[PDB]
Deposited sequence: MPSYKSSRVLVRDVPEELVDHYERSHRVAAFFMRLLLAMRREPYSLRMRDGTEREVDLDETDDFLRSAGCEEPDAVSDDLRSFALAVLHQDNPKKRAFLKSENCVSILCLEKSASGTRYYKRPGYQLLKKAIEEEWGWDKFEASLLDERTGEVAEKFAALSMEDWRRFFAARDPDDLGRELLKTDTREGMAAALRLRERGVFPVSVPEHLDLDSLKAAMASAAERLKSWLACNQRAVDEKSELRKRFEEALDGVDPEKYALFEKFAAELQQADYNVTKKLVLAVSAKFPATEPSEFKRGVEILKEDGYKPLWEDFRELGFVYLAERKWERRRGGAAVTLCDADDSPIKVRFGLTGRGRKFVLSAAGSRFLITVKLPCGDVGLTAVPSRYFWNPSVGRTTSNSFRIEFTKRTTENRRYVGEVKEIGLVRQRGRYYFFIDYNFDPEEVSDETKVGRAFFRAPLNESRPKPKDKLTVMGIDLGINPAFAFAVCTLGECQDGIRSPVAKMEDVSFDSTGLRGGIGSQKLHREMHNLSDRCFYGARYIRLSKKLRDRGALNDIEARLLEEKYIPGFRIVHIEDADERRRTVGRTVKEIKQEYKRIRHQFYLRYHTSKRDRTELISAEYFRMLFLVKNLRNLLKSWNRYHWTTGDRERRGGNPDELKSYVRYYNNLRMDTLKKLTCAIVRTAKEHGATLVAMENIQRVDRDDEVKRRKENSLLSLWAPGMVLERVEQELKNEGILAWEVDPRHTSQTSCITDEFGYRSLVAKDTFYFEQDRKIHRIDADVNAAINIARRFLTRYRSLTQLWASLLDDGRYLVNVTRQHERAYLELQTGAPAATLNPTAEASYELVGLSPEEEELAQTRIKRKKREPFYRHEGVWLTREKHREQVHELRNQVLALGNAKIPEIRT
């Protein structure tokens, strides 16, 4: 029902108290994850930082449960599982024992807890006020039965206040529920957990106003946020570095436990935005502390047909007669695009010439099709001089890969200079060179992957991950800018309805491009639906017939 947007703000001088709170929250969250997994008393698998998976048997979980304060698990097993499935939301939603998973911590950890006795929020009590013995869910009944057995108030490894425990339990339950859904999807084929860590896999340490986590206050001074976190040990004050997503912020404490923030998103438009902040998430990434600010926001005949081409970024028609037509995102630099295509082809053919060379080295020519495929296309596409011997051929391939790498670096630098060569004005918002670079890097990653595995016969996870990062980031940026261009063209033309259908399918699944454009068009207030310039005209006409 609600709508969210998000951004991170970096904080530099984090006091020791906040770092200790962060680390303790991560440790207790890992403890809760392991405890909930142990309560199911079923064998599972966990993957560590090295990437290999270990399988934990039932005996280790039994030992952990006995360490956590339950001296006789096998005699109370049916209760524990009955509790755990309630926490992970594996019961009927109508009779949910814990609507939010944090609610169990009072039963889990508190000594003098009175949970499970109060009934003021029961609808029957409300109706009697206006004028439970069987109503109790199995999840709460099992928890009470465990508590009265002297078993359930487990020993938390590190002492924390109730609110921080609730936040840690919330994060742990979220991760475990996601893993459990994945495990169900895997078992239904006819699945490994990942314990949270302070640096290798952080959880969002949450601060909230209603009671989940410690309370927080945020204000704005000039162009930066000032955040005060109300830890039990004091009140830590922080100042975030200015962010161009929140360039000129100004906040107001609302009367409904929320902070209204008004900011300016630095773009060409510099449009003002308003949002509501209610929870804040501290996270550590490579030694730097970022607060995830997730803010709610309020979303806002002329029709268009949109065609998502590859050589043009898109073609639009507006309108019966189409008095407005055009293309957006054409080729900007002819020679750059041509060189990009040539290098992509070179890498594509080299990836196969490597395998053919290995086969020749270890077995010799096998059949006519291998030799002909090498001679007609692999030799000139990877243009290179053939060598009969093994090591000389390997050295020639090495020289060819060096040349390819140098050309790739030059092409990347030229593409980067599109925003800094005093010709920024000529540069368009979107162009086909983005997709061409994506294809080029996808082919080049494969080429280097084949090259690195030359030594072994035909027969670490850090390999080439910089290229993976670049590919993913460039693809995300391309999608963002394409969506921006589409919505900008829609809004400038005053359209109210949009109709829309080595290719796009190889870069994205059929869904997320359409879903992203649909969501962004709806957010601005423009409706859209699924059914060159002629294709866009045809799409618009097809929508018009309906």
> Which regions of the deposited sequence are unaccounted for in the modelled residues, listed N- to C-terminal?
Replying inline: 132-181, 241-334, 445-471, 491-508, 649-655, 698-713, 744-782, 798-908
